[PDB]
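First comes one chain, alone, set out as C-alpha cells in the form deposited in one PDB entry.
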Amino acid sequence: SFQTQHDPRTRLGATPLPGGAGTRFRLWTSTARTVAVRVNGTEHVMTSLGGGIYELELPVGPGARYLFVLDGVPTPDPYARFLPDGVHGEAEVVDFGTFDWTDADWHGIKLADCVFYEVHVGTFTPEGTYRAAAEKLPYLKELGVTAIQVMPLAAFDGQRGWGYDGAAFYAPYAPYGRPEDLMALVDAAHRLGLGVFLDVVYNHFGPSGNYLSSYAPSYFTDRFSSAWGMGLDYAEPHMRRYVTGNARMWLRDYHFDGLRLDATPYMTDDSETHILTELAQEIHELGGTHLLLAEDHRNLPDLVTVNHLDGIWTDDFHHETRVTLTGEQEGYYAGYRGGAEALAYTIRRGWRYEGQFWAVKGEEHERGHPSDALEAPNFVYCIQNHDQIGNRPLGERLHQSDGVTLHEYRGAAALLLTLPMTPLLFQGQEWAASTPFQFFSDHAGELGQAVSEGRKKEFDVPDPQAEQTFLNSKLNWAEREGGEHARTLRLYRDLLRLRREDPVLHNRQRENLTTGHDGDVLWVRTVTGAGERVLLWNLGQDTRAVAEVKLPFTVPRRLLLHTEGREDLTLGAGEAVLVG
C-alpha cells in the first residue's frame, strides 16, 4: 500500500508523448512571472496549471534541444535527461523506450554475492568513456569481481572530475558518452553476469550548473548548508521527489542494479518519514531486486533496520588496516591503534566504534552504536577506495605509502577477500597499479582558481585543475602483464576464485566467524557445516611458523593458499595463509 508519488503523466522535464505526438514539457516555479520553453530556438509560452506547475505539449521528438525561459532568462532544465553542451546549455529530449536491451534473463545480484569494483569512467581507460570501459568487462568477469561500482555520472562542469560536483542529476555526463552508450555498458555487463551500481549524491549539488533555485528557492534551505551552497530541503516535497525520481530513473531506465548513496549523514531531514526511508519505498515500488547502500560514518544500524537500506560502507576496517601497515595518525587515523589485536576486534564487532568516545581533535563525541543487528553482508569493507586514495595529498595507493611492502599489500588482500563481509576493490588495486588516483577538477574562472588555492591550503600538491593531474590518474593497463603487477594480479584471481568456490568461505554469518591474535599474528576462523578455514596474517617484521602460533583450537593442516606461494606453513613478514 505504499504508492509512488511519481506518474509519467506529470513528470517534470521533457518526456516523450505516446503515439508519436511529441514531447510534454513541465516545470515547477514558485517565483517566475512569465514562463516559456525554447525548443530548437523557438519560444513557446507555457500553460499555468496552479501550484506553480507549468506545462506544454509540442510535436517535437527525441533529439529536440530545449531550455526554459523564466522572466525572459534562458535557464537550463534541472530535470534534463542529457546536456550535450554541458551544464549551462540546452538539454536534449531523451526516449528510454528505443534502446534494445538484451538483459531479460538478468535478475540482479544479492548483496551477499557482491564483490565490488569501483570504476571512475574518466580514468578507467585512455578514452575515458563508457564504450571503452565496456571492452574491459570480460577482464573483470575473469578477474572474479561481480559488481561494478561506478563513480557519479550526473553532469558537472568541466571536462573531467570525480563526479561529486554533479549538478544535473538526471543527465549523464556528456564527455563519457551519450545515454545509449551508458545503456550499452549496463547491457554488456548484464550479459556477462555482472551487476552495475551507481554512486549518487543526494546531500549536495555542485557549485556550477545547478539552476534549481532559479525555479524555486524553496528547493533549498538556510537552516543548514552544503559544501557548495544552501542545504537540500527535504521538508519540501518537490525536493524529495527530485531525488526519488532520480533514483527511479537510474534503476528503471538505465537498468542499474543498485545505488550507493554518498554522505548519508548529511541528508538532513526531520520529517516523519525520513527521505532515506522514502527512497527505499520508491525504488522498491519498481518491483525488482535493486539494492541501496549508504556511505555513512555514524556506525548506525538503523540505516538497514529502520530505513531499509541493504548495507553500509563502514570505514573502521579500512582505517584499522591502514594504520596497522603505516602507523600514520593524522586526521581520523588518530582514531585507531592498528595491529593484530585491534584488527581482530574490529572484525569481531563489524565496526569498532559502538558508542565509545571518538577522541579525534575537532570531532570529539560518543561515536557509533552496537552492531549486533547487522549481518556480515551489511558491512561493506575495503582496503582502498576513491576517497582513501584521493584524499591524500599525492593520491598514492596503499602499496605506495612509506613503509608498506608488496607482501603486506598482498596479505591485506587475502584478509579482505576471505571475510564474509561485502568487499570492494578500487580500479587497478588488483595489479598494484603504479598510478595515483589524485583529486582533479576543471572548473571555469574564479571558481577554478579557488579550487586550486583551496587544495594548496588544505595541505608540492598536484594542482587539481591541471590536466596533468587527471592524466597522471589514468590506469596503465599494459603494466599488469609484467613483474610484480602480474604477481599481484595472479593472487587476486586466486583469492576471488576461492571466495567463489570454497564451500566454507561461502559463509555469510557472523555467528560462524571468530578472530584473535598471537602477538603480531592475526587469525580469522570460519566454521560451518562444510568445514573449517583459518586465515593467518603475520603483521610482524619477523618470520612466524604456523605451528608455533598459539590458538584456542587445533589449527587446520591443509595449505589452501599462501600469499607468496610458499609450500610450507611459514609466514614471512607481512605474509598470510589460508588453511583448511
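So that there is no doubt, residue numbering starts at 1 and follows the sequence shown. Heads up, when I say rigid core I mean the largest set of C-alphas that superpose within 1.5 Å between the two forms.
If you look for the form deposited in another entry, you will not find it shown, but the lines that follow are about it.
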Out of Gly448, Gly335, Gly390, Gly229, the position with Cα displaced 2 angstroms or more between the shown form and the other one on rigid-core fit is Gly229
Specify closer or farther for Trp228 and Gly72: how their Cα atoms are spaced in the other form versus the shown form, given a shift of 3 angstroms or more.
farther
Change in CA distance between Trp228 and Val73 in the other form, which is 3 Å or more, as closer or farther
farther
